[PDB]
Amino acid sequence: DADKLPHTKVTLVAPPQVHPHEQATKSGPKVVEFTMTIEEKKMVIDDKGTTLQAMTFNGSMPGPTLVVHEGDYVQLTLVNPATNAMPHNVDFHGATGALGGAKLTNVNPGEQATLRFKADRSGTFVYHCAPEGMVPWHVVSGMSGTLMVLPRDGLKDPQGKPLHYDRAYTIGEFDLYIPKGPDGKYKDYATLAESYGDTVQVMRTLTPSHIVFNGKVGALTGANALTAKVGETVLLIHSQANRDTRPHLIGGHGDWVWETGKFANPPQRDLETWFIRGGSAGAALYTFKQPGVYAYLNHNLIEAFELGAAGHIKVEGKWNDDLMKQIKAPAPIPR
């Protein structure tokens, strides 16, 4: 019975960071309290100025990652401010009953609600908005994120040996469906409601205009690249609420991967490319061994390089000639 448990309050952080948390814990179960505020807004999603009439949890695509442990209760206050036009709700894949909580969290602008559910299964789980009759539109417009439910004793390998990460990053991948007018240029809409019909027509083609990490082409590149150093283990959380994707670290590997994202199952090792089913979150560990700029991308290379599904990780440290060496630099072919 959850009425008599300790309560705790978590402050969420913006992706690609994940809020402070423990992996293995000596703690017993708690009610962990979170709040999220819905924001509708127009967003620039590419380098040429294209806009999306977007919908977000907490002002970001994806929403923030929520972290608890197996046996905890998640208690979320979902706030829909009066500045928004549309009703919203939340469907937690990590939860049992009531369409993931969607039936109990229907909030119109100016309303809020509080849902509690038991996080009784370990793994990374999508959450997303799911208003009746509008579900795909809200999802593709940006309303998704990850709940990570860690085992109380932390992550385990297939033999039950301990695994860990030293830093965690959360990547949401969004297939977008931006309409075009008769001149072949992307449409710019003055309100969210006026983008709907044209967008639905593009959706039904099943061909995204853009496929982006974290809300924009280039979101995780340049000054916003992810960072690590040789000898550090990174956890890459990858959510796709609507459409399959195939993550790959160029120059690296998935050392241990839960591609279905559920930690009571053994992970696979040594992956070049893994698969995240649309409507799921998966999780990869990798310990860096070489310094340099890596690319983390969807390995449909059209979706990555043409449509936007690619980011960078900048890694500090010492080069290792045992793992890789340039034996002869590029040079003229011998006479």
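Quick note: we count residues from 1 along the sequence shown, nothing fancier.
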Mean Cα B-factor comparison, 297-305 or 284-292, giving the higher one as deposited: 284-292
Residue stretch of maximal mean CA temperature factor, 190-198 vs 109-117: 109-117
Top Cα B factor in the deposited entry, candidates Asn242, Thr245, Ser122, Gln75: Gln75
Options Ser144, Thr96, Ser141, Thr83 - largest CA temperature factor per the record: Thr83
Ranked C-alpha temperature factor of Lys103 among modelled chain residues, by third: highest
Position of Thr51 among the chain's modelled residues by C-alpha B-factor, lowest, middle or highest third: middle
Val257 - Cα temperature factor, lowest/middle/highest third of chain: lowest
Modelled-residue ranking by C-alpha temperature factor, third containing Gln268: lowest
Third of chain Cα B-factors occupied by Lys216: middle
